[PDB]
């Protein structure tokens, strides 16, 4: 009875996204530990082990059994505030929670911005190339 947009804030929800995750008992990066670090399982045909931080939207693959997810998160997304959250969900005040959800909405946008830029820059290289090639014959 919590809205789905907010479910990823819940460890138990995040764990639940790991269904056919290969690293189970014996491994350091189990679902419990991936979830405690912020990750959601976002697998694809092409990258079966893709994990995404629900908060900062960093995406990491190439997991190995000894990998500590908290350590990998710090290594590859040093700025993610979720890593600073020491309190349990239910111990957060609504003010804190709302402060956190604004930050996530800003992170999401930074991420979409950063993608749109890269796609644009790629498109621009192709057009530039095309016009150079045409100018090259005259």
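Numbering follows the first chain given and starts at 1.
Of the two segments examined, 101-109 and 46-54, it is 46-54 that shows the higher average Cα temperature factor in the deposited entry. Stretches 71-79 and 87-95 differ in mean C-alpha B factor, with the higher average recorded for 71-79. For residue 27, the recorded CA B-factor ranks within the highest third of the chain. Only modelled residues enter the ranking.
When all modelled residues of the chain are sorted by CA temperature factor, residue 129 is found within the middle third. When all modelled residues of the chain are sorted by CA temperature factor, residue 14 is found within the lowest third.
When the modelled residues of the chain are ordered by their C-alpha B factor, residue 114 lands in the middle third.
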